[PDB]
Every structure is written in structure tokens, then in C-alpha cells.
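Next up: a single chain in C-alpha cells, the form deposited without the ligand.
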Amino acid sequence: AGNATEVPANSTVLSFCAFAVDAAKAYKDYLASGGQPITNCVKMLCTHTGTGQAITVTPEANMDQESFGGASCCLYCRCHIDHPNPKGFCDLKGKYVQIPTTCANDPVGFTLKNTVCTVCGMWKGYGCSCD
């Protein structure tokens, strides 16, 4: 009974971060000792004629990005643990996340490390042009 959600390749990293006192640090440390990034994400087939923006309600990748379902990007969502917010809610679940194609091999690690410009909606360092 029930419907499987995960694949054997993610068991190690999902189990490690599911027990960690500090999941974000655990995943970065896990990546730093050569673990492979979390796979089985929700990759979108889209036109790549979108605004290029970071977090959106419909897929918005341009020609240098991939679009992903946002929850599949949320570490907290992938491990089913508490979210670091005071109110405990996720900013990515229910949205689409645009990831640079060069970083598309690790969507979960990208969003852990990066931040979105609240003025232009672009990733800082990967699209934000703000002075």
C-alpha cells in the first residue's frame, strides 16, 4: 500500500540530512566530501522564452536556465523536516524555480546557497543587474 516517492540513489543523503541537527550544513558538507547531489527533481519541459526570474508561479526559464518544480528544490521539503523560517513555511513549494543550466545538476544545493534579489526577482550573481 502507498505510492513510492524516492529512488535508491537518494537514500543516503536524504537519510543523513533527515537526522541532522543542521540539515543545510549537513548537505553542504556531504557535497564537499564528494556525495552526489539529490536527483529525482521535477524538471520542466518549457519554452525557455520566459522572463528569466528566480521564483515564479509558472515556468519562466530563459535560454540559460532550467525550470524546476519548487518543492523538489526545497531541501526541507525533500527530507520532510522543519523549515528554517519563524512561521515554518516554504518559499519554494507551490512555485517554479529557475536554475542556471550550469548549476542544473544540483537544484537543491543551488537554492541553499543562493539568494534572490527582492527588487528585480533575479538570483544574485546569476541575473541580478541591480546597482
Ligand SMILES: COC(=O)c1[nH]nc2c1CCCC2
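So that there is no doubt, residue numbering starts at 1 and follows the sequence shown.
- Higher mean CA B-factor, judged across 119 to 127 and 11 to 19 from the recorded values: 119 to 127.
- Two stretches are in play, 81 to 89 and 67 to 75, and the higher mean C-alpha B-factor belongs to 81 to 89.
- Per the PDB record, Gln36 has a higher Cα B-factor than any other of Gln36, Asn40, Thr56, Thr47.
- Annotation for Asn62: CA B-factor lies in the lowest third of the chain's modelled residues.
- The entry lists a Cα temperature factor for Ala32 that places it in the highest third of the chain's modelled residues.
Keep in mind that the form deposited with the ligand bound is missing from the display, and what follows is about it.
- The ligand in the deposited bound form is approached by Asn114, whose closest heavy atom lies within 4.5 angstroms of it.
- Remark: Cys46 does not count among the residues lining the ligand in the deposited bound form, judged by a heavy atom distance of 4.5 Å or less.
- Contact annotation: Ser11 falls outside 4.5 Å of the ligand in the deposited bound form, judged by heavy atom distances.
- Among residues of the shown chain, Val42 is not one whose heavy atoms approach the ligand to within 4.5 Å in the deposited bound form.
- No member of the trio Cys17, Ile38 and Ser72 reaches the ligand in the deposited bound form with any non-hydrogen atom inside 4.5 Å.
- Applying a 4.5 Å heavy atom cutoff to the ligand in the deposited bound form picks out no residue from 1 to 40.
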